[PDB]
Amino acid sequence: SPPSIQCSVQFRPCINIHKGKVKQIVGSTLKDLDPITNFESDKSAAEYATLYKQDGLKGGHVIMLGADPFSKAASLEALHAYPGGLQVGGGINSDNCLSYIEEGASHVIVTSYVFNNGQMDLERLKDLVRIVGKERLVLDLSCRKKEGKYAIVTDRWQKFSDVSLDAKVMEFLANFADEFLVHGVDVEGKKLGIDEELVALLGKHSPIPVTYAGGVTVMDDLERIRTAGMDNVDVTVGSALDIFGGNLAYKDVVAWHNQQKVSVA
Ligand SMILES: NC(=O)c1ncn([C@@H]2O[C@H](COP(=O)(O)O)[C@@H](O)[C@H]2O)c1/N=C/N[C@@H]1O[C@H](COP(=O)(O)O)[C@@H](O)[C@H]1O
Ligand SMILES: [Cl-]
Ligand code: NA
């Protein structure tokens, strides 16, 4: 709870593009293998990107949710507005991963492509690193408590894998990923608070930077990210931000992000 001169928890914004529009939803209600929608807008994804660039927020992510091809064009708008500022995910694979780097993304975020038959596919994973480099790959290990563990979920969170999120998995995938992104899908988009157990896990055993996402609702929940995460876990807020129809002031969340860069001088 008291500040840290060494560590600084980053706010990592998001842009959730579904069927061509910017939305925030309860992602666990997507059934495309109607989702509960928290917010829709016709504002171009490029305007959210420009806002983040203005406030110096780096390492946020654009998600192309679903197969609709108009989501691809809206994502390139945001990446073109904020070159190098955004990670981009949503159906990244071997054949298109490099293309997203060449459109201004700093990273691609991957889950489903590196999973086959419920297992981590080592050869697919090595193909990403070969093409884009580990430094431009983010692995998303979003998960859901199942039989006492955190099972990783694939295919837009509509399939349980057979890999559980634990220390041994993170030590291994860290040889292939610059960073980890982890949604607590049970609580995601539902504006009810966060998963403290998952954040505590991510902060104890992740050897590379890890962003938690899901259910951040009030400013006090940002202080739990610090507390449970031992100042090791970055945090995403989506459905609660006032710019996505919530009650949480985006400007307050930015101020909190800058308050974490504590300088003695
Ligand atoms: N059903 C889904 O919604 C879904 N499924 C997968 N993704 C992401 O897409 C990316 C690519 O996955 P693959 O296509 O490679 O499997 C990965 O990062 C996935 O986690 C999904 N979308 C996540 N959306 C994010 O949920 C967060 C909101 O938080 P909140 O404060 O609580 O409102 C923000 O990060 C939103 O952009
Ligand atoms: Cl699979
Ligand atoms: Na959401």
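Every residue number used here counts from 1 along the chain in the order it is shown.
Determination method: X-ray crystallography, 2.4 Å.
Keep in mind that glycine also has a Cβ here, set from the backbone N, Cα and C atoms.
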According to Swiss-Prot, which candidate in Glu171, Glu179, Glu188, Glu196 joins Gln24, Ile25 at the Na(+) 1 site:
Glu188
Let me know the whole-Å distance spanning the Cα atoms of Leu33 and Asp34; 6 residues are not modelled in that stretch.
12
Taking ligand 3 as the reference and 6 angstroms as the Cβ limit (strictly under), which binding-site residues among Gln24, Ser112, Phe115 are close?
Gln24
According to DSSP, folded down to helix, strand and coil, what is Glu188 (Na(+) 1 binding site)?
coil
Going by a 10 angstroms cut-off between Cβ atoms, which of the binding-site residues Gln24, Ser112 has the sparsest surroundings?
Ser112
Entries of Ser112, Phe115, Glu188 (binding-site residues) sitting next to ligand 1, with Cβ under 6 Å as the cut-off:
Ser112, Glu188
